[PDB]
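Worksheet: one structure, shown below.
A, B, ... follow the sequence lines: proteins, then strands. Residue 1 opens every chain.
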Amino acid sequence: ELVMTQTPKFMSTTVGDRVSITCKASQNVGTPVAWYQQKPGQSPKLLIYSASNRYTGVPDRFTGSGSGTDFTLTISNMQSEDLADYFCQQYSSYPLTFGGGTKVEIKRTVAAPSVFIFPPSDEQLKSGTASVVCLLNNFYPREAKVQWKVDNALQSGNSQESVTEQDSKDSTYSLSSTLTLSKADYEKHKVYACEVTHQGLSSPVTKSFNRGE
Amino acid sequence: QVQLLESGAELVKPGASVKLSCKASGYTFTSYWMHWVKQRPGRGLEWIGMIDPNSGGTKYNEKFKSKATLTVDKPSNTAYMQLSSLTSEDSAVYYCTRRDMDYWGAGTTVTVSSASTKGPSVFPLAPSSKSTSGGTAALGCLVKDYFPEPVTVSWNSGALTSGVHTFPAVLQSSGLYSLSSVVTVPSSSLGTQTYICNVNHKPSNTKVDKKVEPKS
């Protein structure tokens, strides 16, 4: 169907560096090639068309090129807000085809996380369940370890976590971990702690509470 | 402003059929063709087909020739796409975009499952001395035990966006989802500003507004 092989699948660049993505046509597309930028949670956005034309508003940092079968998208002074997934597209013949996509991630300076912990709400407790939330805000690199400790005993099998996409402004990440117990088990302990380990910390950071108010 | 607004059932049973819609505004609906694109989270984009809101002419992708059926409604300036014999592989996000793909809608999420929907419970993550940092305080809402995704979360009706982190939902062993939405605000105005998370889960008709207050 005239496939567009797009490389690389992933890229890690620093602000100001030059990035280039390539799409090689399976057949041959004169110049009907476009590029879209898809920021986290957003829908694709037209960046380039006709292989080298830039849609309105699109900054000069983005330049397209190539003809026949090989096409490239180049982003010069890489900015933070340029982090996203990029897709090339062939619209010379039907069916319209899209390249596989390239995820452009930003490399930045090390930033330790700020750690917060939230005891379960009274509304939840009255419902028979207790969830404790540990927040790791704005850190870099994304790798981080969270360990739940109740009365100084390491927990296992009772927590879930998710990490945000990279932030388009400060290129950091944030993480949320939830320790869920039954209101019964939660009442058999007094010290709930969240122990955090990360590259920006010289040793484990612990945030905890007892059960006041 | 040119605007494409998609909408439709986000939870549908396997083997069933669902009709998605795209309401266009800000331009002559009948003067531009409409495309429908498919996207599976973290995966690539696929062109489903297109239609001429003027004639009714349709051009489909051989792949979805038998899965989708596009149509339009001139009076309401809206295009529709119906998917039949749904299977787990039809679960994805669907977009509608103008002929020149210069304008795209926000997209509609479809989850093909025989499991029944479940609305979330919304609990406050109250600001306190344990959620304080450099003069700032983190607070938020815990949205737990809902099916299927997605659940939209806004703060103060969209007036509060800075410092907001609405985390990807996690899957609990029970098969239900949970997610947290947090925000960092000034510690000095905790006594004068009001923070409310607005949670919406369409499949369960859930619409909640939970005011988050300091732990006292």
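With a 6.0 Å cutoff to the six-membered ring centre and a 45° limit on the axis angle, B:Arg98 counts as a cation-pi contact of B:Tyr32.
Aromatic ring centroids of A:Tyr186 and A:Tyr192 lie under 6.0 Å apart.
Side-chain N or O atoms of A:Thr197 include none that pairs as donor or acceptor with a backbone N or O of A:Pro204 at under 3.5 Å. For A:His198 (side chain) and A:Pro141 (main-chain N/O), a donor-acceptor pair under 3.5 Å exists by modelled atom type. At least one donor-acceptor pair under 3.5 Å links the side chain of B:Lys67 to the backbone N or O of B:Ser84. At least one donor-acceptor pair under 3.5 Å links the side chain of A:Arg54 to the backbone N or O of A:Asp60. The backbone N or O of A:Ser174 sits less than 3.5 Å from a side-chain atom of A:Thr164, completing a donor-acceptor pair. Between the B:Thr97 side chain and the B:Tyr103 main chain, a donor and an acceptor come within less than 3.5 Å of each other. Side-chain N or O atoms of B:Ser91 include one that pairs as donor or acceptor with a backbone N or O of B:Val112 at under 3.5 Å. Distance alone, capped at 3.5 Å, is enough to place a donor-acceptor pair between the A:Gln6 side chain and the A:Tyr86 backbone.
Taking SG from A:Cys88 and CD1 from A:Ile21, the interatomic distance works out to 9.0 Å, rounded to the nearest 0.5 Å. From A:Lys149, atom NZ reaches atom CG of A:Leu179 across 12.5 Å, with rounding to the nearest 0.5 Å. Note that CG of A:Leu135 and CG of A:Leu175 are 8.5 Å apart. Values are rounded to the nearest 0.5 Å. Taken from CD in A:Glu165 to CZ in B:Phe167, the straight-line distance is 9.5 Å, to the nearest 0.5 Å.
Counting only N and O atoms by type, the side chains of A:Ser176 and B:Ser180 include a donor and acceptor under 3.5 Å apart. Remark: the A:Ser65 side chain and the A:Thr72 side chain contain an N/O donor-acceptor pair separated by less than 3.5 Å. Of the N and O atoms on the side chains of B:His165 and A:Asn138, at least one donor lies less than 3.5 Å from an acceptor on the other residue.
Residue A:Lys126 qualifies as open at atom NZ: its count of foreign heavy atoms under 6.0 Å is 12 or below.
Contact check on B:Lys215 versus A:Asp122 returns a salt bridge, with a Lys/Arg side-chain nitrogen under 4.0 Å from an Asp/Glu carboxylate oxygen.
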Exercise. Check the pair B:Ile196 / B:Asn156 against side-chain contact (heavy atoms from CB on, under 4.5 Å), numbers first and verdict last.
Key: CA-CA 5 Å; B:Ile196 307 177; B:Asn156 292 346; 4.0 Å; yes
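With contacts defined as side-chain heavy-atom distances shorter than 4.5 Å, the pair A:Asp85/A:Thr102 does not qualify.
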